[PDB]
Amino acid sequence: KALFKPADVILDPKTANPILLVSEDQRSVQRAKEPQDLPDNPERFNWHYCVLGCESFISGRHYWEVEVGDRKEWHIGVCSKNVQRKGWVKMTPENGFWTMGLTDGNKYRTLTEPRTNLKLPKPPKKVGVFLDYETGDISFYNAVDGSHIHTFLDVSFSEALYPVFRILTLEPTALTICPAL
């Protein structure tokens, strides 16, 4: 644990799909009912309901924590700087995304090819994300009871990696980064 530097992760509004609302403090993200009137600048995801952090990882060991609370739909992890941001692409390691999450309230998945269903004994409310750049590892943990959720050992170690967050649903609970602390 101690080997993993807490990352200070802030959402980059220039990257957020127009249907996303980034809080003023750049820590939380909700969905709008309908897309907002924003420029389609090159940084922005124009199809996937995604937003990146401002800072990318290029070396070292890093940790951040995400409050998912009782949200019924969310996906998080990292993605390469060079991912396709315009039009649908499958969010999988081969297209530069390393993400997992929840759909339909109780169906936890790893977003790989093909998708697999994850066994979670407890619904997590807080997810810890551990990245070891050099060993191409990203691991997901229940940040409350410390239990393991899923690991990728095939993360790029040649591309800058952004934290990435995705929400499809319109619901009360935001998705919130716990600030470096």
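Numbering starts at 1 and runs along the sequence shown. Take the two forms, superpose them, and find the largest set of C-alpha atoms that agree within 1.5 Å; that set is the rigid core.
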Quiz item: Following superposition on the rigid core, is the mean squared CA displacement, expressed as RMS, greater for 57-65 or for 148-156 in 5 other deposited structures of this protein?
Solution: 148-156
Practice problem: Report the stretch with the higher root mean square CA deviation, pooled over structures and residues in 5 other deposited structures of this protein, choosing between 10-18 and 157-165 after a rigid core fit. | Solution: 157-165
Quiz item: Averaged over C-alpha atoms, is the B-factor higher for 87-95 or for 69-77 in this PDB entry?
Solution: 69-77
Practice problem: Would you tell me which stretch averages the higher CA B-factor in the PDB entry, 109-117 or 123-131? | Solution: 123-131
Quiz prompt | Where the record places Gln36 (Cα B-factor, split into thirds across the chain) | solution = highest
Exercise. Relative to the other modelled residues of the same chain, rank the CA B-factor of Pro163 and answer lowest, middle or highest third.
Key: lowest
Quiz prompt | Among modelled residues of the same chain, the CA temperature factor third for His62 | solution = middle
Practice problem: Using the B-factor values recorded in the entry, state whether the Cα atom of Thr151 falls in the lowest, middle or highest third among the modelled residues of its chain. | Solution: lowest
Quiz item: Among the chain's modelled residues, which third holds the C-alpha B-factor of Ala143?
Solution: highest
